[PDB]
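Q: My structure is below; once you've seen it, I'll send some questions.
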Amino acid sequence: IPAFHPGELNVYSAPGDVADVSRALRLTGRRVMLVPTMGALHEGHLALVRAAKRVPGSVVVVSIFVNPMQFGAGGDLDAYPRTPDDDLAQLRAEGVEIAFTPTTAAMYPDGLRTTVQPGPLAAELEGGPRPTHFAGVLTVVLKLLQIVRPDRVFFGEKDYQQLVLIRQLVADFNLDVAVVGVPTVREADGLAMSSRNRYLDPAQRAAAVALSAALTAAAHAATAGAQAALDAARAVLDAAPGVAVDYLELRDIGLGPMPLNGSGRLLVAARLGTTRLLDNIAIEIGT
Amino acid sequence: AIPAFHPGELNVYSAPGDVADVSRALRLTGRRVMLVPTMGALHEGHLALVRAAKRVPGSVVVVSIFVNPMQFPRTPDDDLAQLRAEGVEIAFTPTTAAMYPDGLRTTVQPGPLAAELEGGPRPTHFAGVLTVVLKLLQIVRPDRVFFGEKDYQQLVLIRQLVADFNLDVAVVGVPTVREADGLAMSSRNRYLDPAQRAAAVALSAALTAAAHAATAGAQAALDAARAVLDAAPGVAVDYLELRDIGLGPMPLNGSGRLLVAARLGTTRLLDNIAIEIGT
Ligand SMILES: COc1ccc2[nH]c(C(=O)NS(C)(=O)=O)cc2c1
Ligand SMILES: COc1ccc2[nH]c(C(=O)NS(C)(=O)=O)cc2c1
C-alpha cells in the first residue's frame, strides 16, 4: 500500500498503487465506485460522480485515461481535449477521493496483445465505419475493472451503445460488478453534454439543439407508432441548419431488434461541420 | 318569493327567472357562483370543469345544460345523476322557448376571429355560441365561468366577448381531458370504428411532438406535427395552425398555440396545445 489520505483527493498513476489502495479500502468495508472517464470533465461526468458518491460508504475512483486503442488514426487521438488541471480540481471540489491517471506505457507495456473481441453489436451503429473502436473501449474497461475491482461502475446513457456492450462484457465474462447507467445530463435547451460540444461555433451550437428536439418529439409522437415517432424525428432534423444525419435508428433497449414494441431506444448520430454529435432517448411505442 | 333551494342537493331549474333569483339570493349569502355551461351528454371533460369550479372556496356550482340550435344527443336523467354525483347544487336546463321567446332578434356579432379556423366550414357558429353564453352570463351572473381548452378558438372568443362588453366575470379555461392514449375527449369519439379510433391518436401525438420539437423553433414544430399526421391513414387534416395564445399571428419566439382539425370518415376532430418557441 502507498498513502491514502481520506477525505482528500489521492492521485495514483501506477496500476499497482491504485490496485493495492483499492483492495485495502475493500477490506475496511468501503464500497469502491468506478467512474471511467477520458478526462475533460463536464457536468455529465459529475453526475456520474455524484451518483457514485451517493452510495453508502462509497469510495469513488475516477479514472482518467485517453485510451489510444478505441481511437484512430482515425483522426481522433491527438485531438481529444486534455485538461488534467481542471479535471482534478473539479474532482477535489466533488469530494472524490481517488483519481487514477495511468500512463499509456503502464496500460499497454506489451502494445495490443491479448484483447476483448465484442459481439456483433460492435460492428453496428458507431462500429459501422470504426470496426475496432469497441474492442478498444472494452479492453480498456476490462482492464480498469481488473485494476480497481469496484462494486459498481458508472456510465452515461449518452454513449448508449457502449453501455450495452459493457453490460455484455460484464455478463459474458462473469464480472462481479454492477453496471450503473446514469441518464444523460443535458444543456438548458436539451443538448446532451459532450466534450465534443466545445468544437461547435455559435451557429452550430444553436443548430445542435435539433438532436434532443427530434428525439423528444419522436418520444411524444410514438403513441401513434414507430413510423410516426421516426417521421417526427426526421422532420425536426430536416428543419435544422447544417445538421447532416449519419443515422437515425429505432431499436430495442438492448440494441437488438425493435418489436411492434413498447419500450425501445431511439439513436441519432449527426455532423455539424466536422463535429459529430451523438444522442439517444427511451421511446415507448404506443399503438 | 325566491324559488325553493335545498343546499347540498341538485336543484334543477328550467326557468331563466328562477335560476336568476336563486343565484342572486346565493351571491348575497356569501356564496361565489361558478358557471359551467354545457350542451349535455356529459363526459369526464365536463366533470373536470365542475371539479375546478367546486374547488373555489364557498363556490356554488351552476351547470347549464342547453342544446343551442343557433350553434352547430339527449340523456337528461343520466346527466343529472353525474352532477348529483359531483355534488353540483344547480342544474339550469332551459327550453328553446325560454331562452329564445322572441326567436333570434338581438344577437352578438363576434370580431373577425370568428371567421377563421372553425368559422371556415361553420361561418355563423360562434355568433350562436357567444349569444347563448352572454345570455347565460346575464341569467346566472357568475363570479367565474369555466370552459375547456378543447375548443380553444371558442375560449378566446369568449374572453374577447367578456372584455369587449365589460362583463365582470372571470373566464377560467381548464386543460383538456384526454383518453389514456391522449385523444382529446369528445362525445364524437364513440362514433369512430376501431380503425379510425386508432388513427385518431395522431392528432394528440402530432401536437405533443410539435410541443417538444419547439426548442428547435416554429418550423420544426410544424414539420414534426405534420410528419405525425402524414403517418395516419384516413385522417383528412382541415388545418394545422400555429398562433399566439390569443390566436393572432405567431410571434417570432415566446408563447403560442398549435391548433389542428381533421375528418375521419364523417367525424370531425379538433385538438390544440400550448407551444413555447425556443422551448
Ligand atoms: C450523465 O450524463 C453524461 C453526459 C455526457 C457524458 N459524456 C460522457 C463521456 O464522454 N464519458 S467518457 C468515458 O469520457 O467518454 C459521459 C457522460 C455522461
Ligand atoms: C376539460 O376538458 C374538456 C374536454 C372536452 C370538452 N368538451 C366540452 C364540450 O363539449 N363542451 S360543450 C358541448 O360546449 O358543452 C367540454 C370539454 C372539456
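Going through the C-alpha cells in order, the chains are called A, B, and so on, while each chain numbers its residues from 1 and the ligands are numbered from 1 in the order shown.
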Can you build me a table of chain B residues sitting at most 7 Å from ligand 2, with the closest atom pair per residue and its distance in Å to one decimal, using only C-alpha atoms and all ligand atoms, sorted by chain and residue number, as a Markdown table?
A:
| residue | atom | partner | partner_atom_place_in_ligand_line | distance |
| --- | --- | --- | --- | --- |
| B:37 | CA | ligand 2 | 15 (O) | 5.9 |
| B:38 | CA | ligand 2 | 15 (O) | 3.1 |
| B:39 | CA | ligand 2 | 15 (O) | 4.1 |
| B:40 | CA | ligand 2 | 15 (O) | 6.4 |
| B:45 | CA | ligand 2 | 3 (C) | 3.4 |
| B:46 | CA | ligand 2 | 18 (C) | 5.1 |
| B:48 | CA | ligand 2 | 1 (C) | 5.3 |
| B:49 | CA | ligand 2 | 1 (C) | 5.5 |
| B:147 | CA | ligand 2 | 16 (C) | 6.5 |
| B:148 | CA | ligand 2 | 18 (C) | 3.9 |
| B:149 | CA | ligand 2 | 2 (O) | 6.4 |
| B:150 | CA | ligand 2 | 5 (C) | 5.2 |
| B:174 | CA | ligand 2 | 1 (C) | 5.4 |
| B:175 | CA | ligand 2 | 1 (C) | 5.6 |
| B:176 | CA | ligand 2 | 2 (O) | 3.6 |
| B:177 | CA | ligand 2 | 2 (O) | 4.1 |
| B:184 | CA | ligand 2 | 4 (C) | 6.4 |
| B:185 | CA | ligand 2 | 5 (C) | 4.9 |
| B:186 | CA | ligand 2 | 5 (C) | 5.4 |
Q: Atoms to include: N, CA, C and O atoms. Write the selected residues as a CSV table (one decimal), in the first residue's frame.
A:
chain,number,residue,atom,x,y,z
B,37,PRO,N,-71.0,26.0,-18.4
B,37,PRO,CA,-72.0,25.8,-19.4
B,37,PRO,C,-71.8,24.5,-20.2
B,37,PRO,O,-70.6,24.3,-20.7
B,38,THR,N,-72.8,23.7,-20.4
B,38,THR,CA,-72.6,22.6,-21.3
B,38,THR,C,-73.8,22.4,-22.2
B,38,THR,O,-74.9,23.0,-22.0
B,39,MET,N,-73.6,21.5,-23.2
B,39,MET,CA,-74.7,21.0,-24.0
B,39,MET,C,-75.2,19.6,-23.7
B,39,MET,O,-75.6,18.8,-24.6
B,40,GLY,N,-75.0,19.2,-22.4
B,40,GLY,CA,-75.4,17.8,-22.0
B,40,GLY,C,-74.4,16.7,-22.6
B,40,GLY,O,-73.4,17.0,-23.1
B,45,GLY,N,-64.7,15.4,-19.3
B,45,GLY,CA,-64.2,16.8,-19.7
B,45,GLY,C,-65.1,17.8,-18.9
B,45,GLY,O,-64.5,18.7,-18.3
B,46,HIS,N,-66.4,17.6,-18.9
B,46,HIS,CA,-67.3,18.3,-18.1
B,46,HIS,C,-67.1,18.2,-16.6
B,46,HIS,O,-67.2,19.2,-15.8
B,48,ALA,N,-64.4,17.5,-15.1
B,48,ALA,CA,-63.2,18.3,-14.7
B,48,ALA,C,-63.5,19.8,-14.7
B,48,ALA,O,-62.9,20.5,-13.9
B,49,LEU,N,-64.5,20.3,-15.5
B,49,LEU,CA,-64.9,21.7,-15.4
B,49,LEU,C,-65.6,22.0,-14.1
B,49,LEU,O,-65.3,22.9,-13.3
B,147,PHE,N,-64.6,26.9,-19.0
B,147,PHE,CA,-64.7,26.4,-20.3
B,147,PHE,C,-63.5,25.5,-20.5
B,147,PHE,O,-62.5,25.7,-19.9
B,148,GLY,N,-63.6,24.4,-21.3
B,148,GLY,CA,-62.4,23.5,-21.5
B,148,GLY,C,-61.6,24.2,-22.6
B,148,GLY,O,-62.0,25.1,-23.3
B,149,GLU,N,-60.3,23.8,-22.6
B,149,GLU,CA,-59.4,24.3,-23.6
B,149,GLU,C,-59.5,23.6,-24.9
B,149,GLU,O,-58.9,24.0,-25.9
B,150,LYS,N,-60.4,22.5,-25.0
B,150,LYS,CA,-60.6,21.7,-26.2
B,150,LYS,C,-60.9,22.6,-27.3
B,150,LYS,O,-60.2,22.6,-28.4
B,174,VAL,N,-60.0,25.4,-18.7
B,174,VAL,CA,-59.5,24.2,-18.0
B,174,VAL,C,-58.8,23.3,-19.0
B,174,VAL,O,-59.4,23.0,-20.1
B,175,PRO,N,-57.6,22.8,-18.7
B,175,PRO,CA,-56.8,21.9,-19.6
B,175,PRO,C,-57.7,20.8,-20.1
B,175,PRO,O,-58.4,20.2,-19.3
B,176,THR,N,-57.7,20.5,-21.4
B,176,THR,CA,-58.4,19.3,-22.0
B,176,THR,C,-58.1,18.0,-21.3
B,176,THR,O,-56.9,17.6,-21.1
B,177,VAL,N,-59.1,17.3,-21.0
B,177,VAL,CA,-59.2,15.9,-20.5
B,177,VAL,C,-59.0,15.0,-21.7
B,177,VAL,O,-59.8,15.2,-22.8
B,184,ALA,N,-58.1,13.9,-27.2
B,184,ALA,CA,-58.9,14.8,-26.6
B,184,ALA,C,-60.4,14.3,-26.5
B,184,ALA,O,-61.0,13.9,-27.4
B,185,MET,N,-60.9,14.2,-25.2
B,185,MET,CA,-62.3,13.8,-25.0
B,185,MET,C,-63.3,14.6,-25.8
B,185,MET,O,-63.1,15.8,-26.0
B,186,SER,N,-64.3,13.9,-26.3
B,186,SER,CA,-65.4,14.4,-27.0
B,186,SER,C,-66.5,13.3,-27.1
B,186,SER,O,-66.2,12.1,-26.8
Q: Please return as a PyMOL selection string the residues found within 10 Å of ligand 1, counting only C-alpha atoms and all ligand atoms.
A: chain A and resi 35-51+63-67+80+137+141+154-160+162+181-187+191-196+278-279
Q: Set the distance at 6 Å and use only C-alpha atoms: which residues neighbour region 33-36 of chain B once local chain neighbours fewer than 6 positions away are removed? I'd like the list as a compact mmCIF listing (two decimals) with N, CA, C and O atoms, in the first residue's frame.
A:
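See out08.txt below for the written result:
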# COMPACT_ATOMS: atom_id res chain seq x y z
N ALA B 53 -64.57 24.15 -10.80
CA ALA B 53 -65.45 25.15 -10.22
C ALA B 53 -65.70 24.84 -8.70
O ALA B 53 -65.61 25.72 -7.85
N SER B 59 -67.78 28.29 -3.29
CA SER B 59 -68.43 28.09 -4.59
C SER B 59 -69.83 27.46 -4.50
O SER B 59 -70.03 26.51 -3.74
N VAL B 60 -70.81 27.98 -5.24
CA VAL B 60 -71.93 27.16 -5.61
C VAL B 60 -71.91 26.96 -7.13
O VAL B 60 -71.74 27.93 -7.88
N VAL B 61 -72.12 25.72 -7.56
CA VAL B 61 -71.89 25.35 -8.94
C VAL B 61 -73.19 25.35 -9.73
O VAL B 61 -74.16 24.70 -9.35
N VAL B 62 -73.17 26.09 -10.85
CA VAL B 62 -74.26 26.03 -11.78
C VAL B 62 -73.78 25.40 -13.05
O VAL B 62 -72.84 25.91 -13.64
N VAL B 63 -74.44 24.33 -13.49
CA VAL B 63 -74.11 23.64 -14.72
C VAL B 63 -75.29 23.85 -15.61
O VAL B 63 -76.35 23.33 -15.30
N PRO B 142 -72.44 34.74 -12.89
CA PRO B 142 -71.43 34.01 -12.14
C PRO B 142 -70.27 34.91 -11.80
O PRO B 142 -69.99 35.82 -12.53
N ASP B 143 -69.60 34.66 -10.69
CA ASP B 143 -68.29 35.28 -10.49
C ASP B 143 -67.23 34.71 -11.46
O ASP B 143 -66.38 35.43 -11.96
N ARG B 144 -67.30 33.40 -11.71
CA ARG B 144 -66.37 32.72 -12.63
C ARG B 144 -67.11 31.77 -13.59
O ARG B 144 -68.11 31.15 -13.20
N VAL B 145 -66.64 31.69 -14.84
CA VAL B 145 -67.19 30.77 -15.80
C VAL B 145 -66.02 29.93 -16.37
O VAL B 145 -64.94 30.45 -16.67
N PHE B 146 -66.30 28.64 -16.51
CA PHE B 146 -65.32 27.58 -16.77
C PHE B 146 -65.61 26.91 -18.10
O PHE B 146 -66.69 26.32 -18.27
Q: Show me, as a PyMOL selection string, the residues of chain A whose atoms get within 12 Å of chain B, using only C-alpha atoms for the distance check.
A: chain A and resi 187-191+205-241+243+284-287
Q: I want to know what sits within 6 Å of region 252-260 of chain B, based on only C-alpha atoms, with residues of the same chain fewer than 3 positions away left out; could you give that as a count of residues only?
A: 15
Q: Apply DSSP to the structure's backbone, then extract all residues of region 7-249 of chain A labelled helix (DSSP H, G or I) and return them as a PyMOL selection string.
A: chain A and resi 15-27+43-53+68-70+76-79+84-94+104-107+120-123+125-127+133-148+160-172+195-199+202-224+226-239
